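Engineer: Build the 3D model from these lines:
(3 chains, ligands or ions: 6)
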Amino acid sequence: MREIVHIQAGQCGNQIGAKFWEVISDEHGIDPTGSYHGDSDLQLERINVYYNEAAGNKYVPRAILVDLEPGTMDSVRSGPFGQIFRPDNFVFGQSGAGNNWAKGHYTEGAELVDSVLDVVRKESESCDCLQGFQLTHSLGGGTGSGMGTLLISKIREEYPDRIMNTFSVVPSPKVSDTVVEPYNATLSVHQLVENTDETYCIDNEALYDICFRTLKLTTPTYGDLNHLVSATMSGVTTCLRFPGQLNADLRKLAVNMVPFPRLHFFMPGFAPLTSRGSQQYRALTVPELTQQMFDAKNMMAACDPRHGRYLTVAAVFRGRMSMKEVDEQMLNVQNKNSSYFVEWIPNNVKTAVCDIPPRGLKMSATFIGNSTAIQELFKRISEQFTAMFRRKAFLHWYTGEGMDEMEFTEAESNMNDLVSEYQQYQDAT
Amino acid sequence: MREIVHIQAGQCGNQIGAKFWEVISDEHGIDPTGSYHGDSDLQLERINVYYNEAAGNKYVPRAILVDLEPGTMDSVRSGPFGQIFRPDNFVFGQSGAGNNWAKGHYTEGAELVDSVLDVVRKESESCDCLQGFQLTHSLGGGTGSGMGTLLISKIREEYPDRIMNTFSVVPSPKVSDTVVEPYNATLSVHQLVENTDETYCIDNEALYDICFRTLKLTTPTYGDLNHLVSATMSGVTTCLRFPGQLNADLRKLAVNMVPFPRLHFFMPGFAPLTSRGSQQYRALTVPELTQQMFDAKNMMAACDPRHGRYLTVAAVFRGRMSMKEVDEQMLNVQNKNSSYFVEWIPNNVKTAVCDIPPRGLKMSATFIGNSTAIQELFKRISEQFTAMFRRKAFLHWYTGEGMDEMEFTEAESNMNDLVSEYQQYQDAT
Amino acid sequence: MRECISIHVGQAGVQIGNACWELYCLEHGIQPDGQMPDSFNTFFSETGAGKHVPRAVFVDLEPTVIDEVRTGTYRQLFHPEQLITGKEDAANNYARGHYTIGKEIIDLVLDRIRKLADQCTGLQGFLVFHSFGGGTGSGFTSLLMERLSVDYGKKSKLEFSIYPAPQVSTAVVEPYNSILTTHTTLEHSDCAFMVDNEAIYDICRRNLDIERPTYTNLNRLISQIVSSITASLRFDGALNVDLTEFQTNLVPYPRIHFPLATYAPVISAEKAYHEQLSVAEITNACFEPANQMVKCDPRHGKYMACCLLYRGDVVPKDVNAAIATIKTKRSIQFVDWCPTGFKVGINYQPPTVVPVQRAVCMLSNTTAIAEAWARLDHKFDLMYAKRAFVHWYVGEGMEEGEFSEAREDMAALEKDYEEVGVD
Ligand SMILES: Nc1nc2c(ncn2[C@@H]2O[C@H](COP(=O)(O)CP(=O)(O)OP(=O)(O)O)[C@@H](O)[C@H]2O)c(=O)[nH]1
Ligand SMILES: Nc1nc2c(ncn2[C@@H]2O[C@H](COP(=O)(O)CP(=O)(O)OP(=O)(O)O)[C@@H](O)[C@H]2O)c(=O)[nH]1
Ligand SMILES: Nc1nc2c(ncn2[C@@H]2O[C@H](COP(=O)(O)OP(=O)(O)OP(=O)(O)O)[C@@H](O)[C@H]2O)c(=O)[nH]1
Ligand SMILES: [Mg+2]
Ligand SMILES: [Mg+2]
Ligand SMILES: [Mg+2]
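Structural biologist: Numbers count the residues shown, from 1 in each chain, chains lettered A, B, ... in the order given. Ligands and ions are numbered 1, 2, ... in the order given. Structure as follows:
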């Protein structure tokens, strides 16, 4: 029970799911065809939550693939794990969003949304009990910006109780791959702050850093760039899919963490990370997995916890392990970094211990962090917005789609409303 | 017992029966010759209803083939399943109706009707018990319009209790293959509303749509256009020819459905439908066969149930299946589409479960619908009539055959009498 | 079991028939000797021995062009009782073809019809290849059609005719032919057909890559049209449209029976590539004004009815999308009160070649043809304003007011299309 429906969008977020469902394939023994080959019977006991068991020894990914041009759908279906999906669910347009938020939200967003909302309805009717919806997209492109954000407001009109999480990549701090990355951020900020229950936020540059600092890689591909988020997403629900000594799921992570509904923008953390040969010369145990999390460099969002204040801390472990080896490590590290936290929460460290490791190393941990460090990135992004707005450039596209300045201004004000509230609890102690 | 005599007409309806009797051939193990090769003994137990077992291990199609030019009779007898028929029953004229209703009903209709009404009498005398008569023809051509409608009034003069069903194709909504398609509809409407017990109504364009939307075909032939009606007609009497957990026949479908004898114009529905390879990536079960029926696109008559109101609902299943998997699905879907139905019938869903599937997939369902959506098509057809009548064009052919305006006008008024009555119960609730 | 005989009147119709029956023998594999090394009763009949003869009657008042068949390559094909010659031609005098000479050998040609009508039982149409240019092709045409409605009355009578050109005009009294022949072919012919010489040239020049055409090549274009009209009788397609239906489809009012033929695609040998010729591609080329064979712009009026006779390789759903395009345009527009304006006919037989995949014959009974009569009425007024050439028709027994009786008859003809054009 408590099955989960998967929605994709954009062009970056599809290739992540093109790697993420490969992760879920070997976390359940799923072949590239769709059949079953696992040996551990703990997989089949909760197989239903990410897969419909179709007729005749089949398993299909309960996932909704959405694009606006036939290129990326062709690349998925031709490469690995493309025939595993259902051909009914390759629901995609023909135009391409043109790297415009307004094309993905107003003109071309209204076309394909009806084809999606039946498929959302067909899966939600077919599911016995529904847990929540998940979305993987961009905040820099066109299809990831407008099309995904247009869906979630229609879903909040449908379901009040169902949770919602977007693994949305933050627009980049210093490198500028997108020319109009403020215009794909700020118009996407307003949709995320209203009706997204929890929201995952990953910087681009730290993902380049973690693939270069700890691992010391020379030619990092997107098969190894985007792979770290694929293990990250699996560690969020790894206590759902298998029993544990202390289980967890998506509702336990929500109500523990989010202190007020406008403050729900989180940061990940994963451990352990080695090189190809520099992997045994380290005591890869709980205290090494302890101190690998809490440093500044492990955060996939490029932010310094020293230049900010936390609010809550979640931690999800994998593999069999003891407890006082964990618990004292999950207690003492709050005291060495004592002033970095905030006063008004006793024991803000949420612990979660599954009993199944990844297919690989013996123990693993997934960190879910929340701090006031992220608002300092938005002041750059609000500066990046206003630098392209104090001359009022790039308006005739949105004017051609039809939009006043006030929709730009209030969303920038609502971006500043995020500024006025993460600073508010940071100023408090 | 309860044998059924088959009559054809037109040029479209013959090619349908040229495919339909191929369907009945493998639903009874009948070879292209006329002998028997089946293994399941449930075929031979009720073989008599569509076949006379002739002398010496023979089986002949109890069918009456009628045309007015020797072309289509030559095409049947030369191609497949032409030698299976009796050469005594190829009863056909030599002129061709000229795409005139009045030629098929007044001048040339009086010639070949005497040759048919003995063959109708020779089969009805030979049948032990007679169930009813079935007719497959056009409403756009000449031979399908006049010649078939001239027969049924002579049959209602013969038999009061015997049922009658015409699988008559509706004239096309938007494409205009026939130039005089109102003049072949409106003069054929008056015969159908008087003395046809139930009447099947299929739009051309939705048959193109269902062959293109669900199946995604590139070059659809009439061997695949008209094949969907051939499986449809077989699903009407599939509870007669074989035992079931809840049997049905042509009289049970009549008295359940038709609420008043002037409202008996029905719409079909068939499930399941896949592609050649997109056939396993779906849980082809009862809830998939449930929701495949009730959408607007499955109706072979192009009409929106959202722009109308139902009156009654029949459903015929095939293959072995459970019941609460069916019954709750056949109960709950009345509540989600609650306002689309009408108030004054509790539980308007008639269920019928045979115990023999098609030669092929494991389970199958045939939907028989009745709604007020069809009258909105006639207002187009009455507009198509009056557009060619407000200038009084194309009259000198019917004047050359001999007909006043009042026969055109009262039938148009009787077409409006169909308008005044499907709107009447739709306005009521 | 179904038949359709053919008659050839005048010199211009014979050279049409020389290429027509050239094509028909290549269709069913017939040699010029009536020999072949099933259902083709429409244009042929079988002898006691294995030889087939054409159902054709060749009339002429001059003995010239019939000797070109009596001595030509197609010599042994024809029954010598069919080949009928005169002695003195009408010689571009309509009163000679209608009163002087044609009244003498009228008994022989009409007697040959019933000799052909013995073996015919499904008599479904007549073919009269007559021009309006020559006097023999027009003067005999009026005398011939009067007896047939007395003979049959109910049977079909079709005329694949040749329209006189508004600019490239050979003879002098060609305006005098059309007004006099109007009362016959509007009161006997079930559906006449106009073809102008002038539109054929640019089709030969541009679309056929030969700027200087020959009359042998002008007949090749019309001969492909006549075959594909008979493509439902002589063969079997999924939608066979017989010749009884066309006169019932294309005629909204029994006086309006003047459509125009349009063959497409018309390509050259070197332009057989650089194209794909799909069923949606070629039907837009049908409604192109420079592809039709009548000098009338179709965007100067409205369409009353349209017909499309396909052959080769055709799927109707693929044509269903093609017809949906043409209703959803604006420069192409119909008579509005006729919203069902298409007649589709598909045959699964390829268009044969005379020394491609598919072919389309378009038959569009439209109001664009009505300006061609006004271009010819303007020719006829001034030549009658001088009372020129009256002493030849009156010199061969004709009333002066018989011009004037037929003069207002075109005005009642012209006001038909004007009245149907408005709502
Ligand atoms: N970490 C990654 N970032 C990516 C990847 N591909 C693109 N991007 C980033 O995503 C942003 C571009 O968004 P998309 O790839 O989703 C383009 P999309 O389909 O959403 O819209 P269009 O602009 O209409 O094509 C931009 O900031 C890129 O730097 C990838 O594979 N990994
Ligand atoms: N779904 C199909 N519709 C067809 C088919 N053949 C024709 N038609 C349609 O049927 C109509 C023509 O009617 P018929 O084929 O029965 C011609 P019929 O013998 O009845 O009379 P005539 O006009 O005298 O030949 C017209 O609306 C066509 O579009 C077919 O195989 N399938
Ligand atoms: N379709 C067609 N028309 C032609 C051809 N050659 C000439 N014509 C036209 O035919 C008309 C002349 O008619 P003819 O049939 O030759 O003459 P006729 O009817 O026998 O009468 P006379 O020769 O005057 O006694 C003119 O308008 C010519 O342009 C040809 O090969 N094909
Ligand atoms: Mg993209
Ligand atoms: Mg027919
Ligand atoms: Mg001549």
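Engineer: got a list of what the residue sitting nearest the centre point of chain A touches?
Structural biologist: The structure's chain A has its C-alpha centroid closest to residue A:167; by CA atoms, centre = their mean the separation is 2.1 Å. The contact partners of residue A:167, taken as CB atoms under 8 Å, 6 or more residues apart in numbering or on different chains, are A:13, A:16, A:134, A:135, A:136, A:137, A:200, A:202, A:229, A:233. C-betas here are computed from N, CA, C, even on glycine.
Engineer: Residue C:370 contacts residue C:415, correct?
Structural biologist: No. In this structure residue C:370 lies outside contact range of residue C:415 using CB atoms under 8 Å: 9.7 Å.
Engineer: before we move on, back to that, before we go further, the residue nearest to the centre of chain A is sitting in a strand, right?
Structural biologist: Yes. Counting by DSSP: H, G, I helix; E, B strand; the rest coil, residue A:167 falls inside a strand.
Engineer: Residue A:373 and chain C: what is the separation?
Structural biologist: 58 Å (CB to the nearest CB, to the nearest Å).
Engineer: can you tell me which residues contact that residue?
Structural biologist: A:267, A:303, A:304, A:305, A:307, A:308.
Engineer: correct me, but the second one touches residue A:374?
Structural biologist: Yes. With contact defined as CB under 8 Å, residue A:303 reaches residue A:374; the gap is 5.9 Å.
Engineer: who has more neighbours, the two?
Structural biologist: Set residue A:303 next to residue A:374 and count neighbours by other CB atoms under 10 Å in any protein chain shown: residue A:303 wins out with 24 against 21.
Engineer: Go ahead and report the secondary structure state at that one.
Structural biologist: Residue A:303 is classified as coil under three-state DSSP.
Engineer: show me the contacts for it.
Structural biologist: Counted by CB under 8 Å, 6+ apart, residue A:303 has contacts A:203, A:267, A:296, A:371, A:373, A:374, A:376, A:377.
Engineer: same deal with residue A:101?
Structural biologist: Contacts of residue A:101 by CB under 8 Å, 6+ apart are A:142, A:145, A:146, A:183, A:184, A:187, A:188, A:398.
Engineer: Turn those residues into TSV, including secondary structure, neighbour count and distance to ligand 6.
Structural biologist: Formatted as TSV, these follow (DSSP: H, G, I helix; E, B strand; the rest coil; neighbours: other CB atoms under 10 Å in any protein chain shown; distance: CB to the ion, whole Å):
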residue	secondary structure	neighbour count	distance to ligand 6
A:142	coil	26	74
A:145	helix	34	79
A:146	helix	28	76
A:183	helix	26	80
A:184	helix	25	81
A:187	helix	25	82
A:188	helix	26	84
A:398	helix	20	76
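Engineer: For the stretch 151-300 of chain A, which segments count as helices?
Structural biologist: A:181-195, A:204-213, A:222-225, A:227-236, A:250-257, A:286-291 (DSSP state H, counting those that start in this stretch).
Engineer: Residue C:45 falls within a strand, correct?
Structural biologist: Yes. Inclusion of residue C:45 in a strand is indicated when three-state DSSP is applied.
Engineer: more neighbours, residue C:370 and residue C:415?
Structural biologist: residue C:370 (21 against 11).
Engineer: List the contacts of the more buried one.
Structural biologist: C:301, C:414, C:417, C:418.
Engineer: Next, work out how far apart the residue of the stretch 51-200 of chain A found nearest ligand 4 and ligand 6 are.
Structural biologist: Ligand 4 sits closest to residue A:141 of the stretch 51-200 of chain A, with a gap of 4.6 Å, by CB to the ion. Separation of residue A:141 from ligand 6 (CB to the ion, to the nearest Å): 77 Å.
Engineer: Near chain B, which residues of the stretch 101-250 of chain A? Just list them.
Structural biologist: A:122, A:125, A:126 (CB under 8 Å from any CB of the partner chain).
Engineer: Repeat that for chain C.
Structural biologist: Counting by CB under 8 Å from any CB, the residues of chain C that sit close to chain B are C:1-2, C:39, C:121-122, C:236, C:238-240, C:242, C:244-245, C:248-250, C:252-254, C:305, C:315-318, C:320, C:323-324, C:327, C:337-344, C:420.
Engineer: got the CA coordinates for the helix or strand hosting residue A:132 in PDB?
Structural biologist: Taking DSSP states H and E as the definition, residue A:132 sits inside strand A:130-136. Extracted in PDB, the C-alpha atoms of strand A:130-136 (Å, rounded to 0.1, in the frame of the first residue of the first chain):
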ATOM      1  CA  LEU A 130      -1.800   6.900  -2.500                       C
ATOM      2  CA  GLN A 131       1.200   8.400  -0.600                       C
ATOM      3  CA  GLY A 132       2.400  11.400  -2.500                       C
ATOM      4  CA  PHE A 133       3.700  12.800  -5.800                       C
ATOM      5  CA  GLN A 134       7.300  13.400  -6.800                       C
ATOM      6  CA  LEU A 135       8.700  15.600  -9.500                       C
ATOM      7  CA  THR A 136      12.200  15.900 -11.100                       C
END
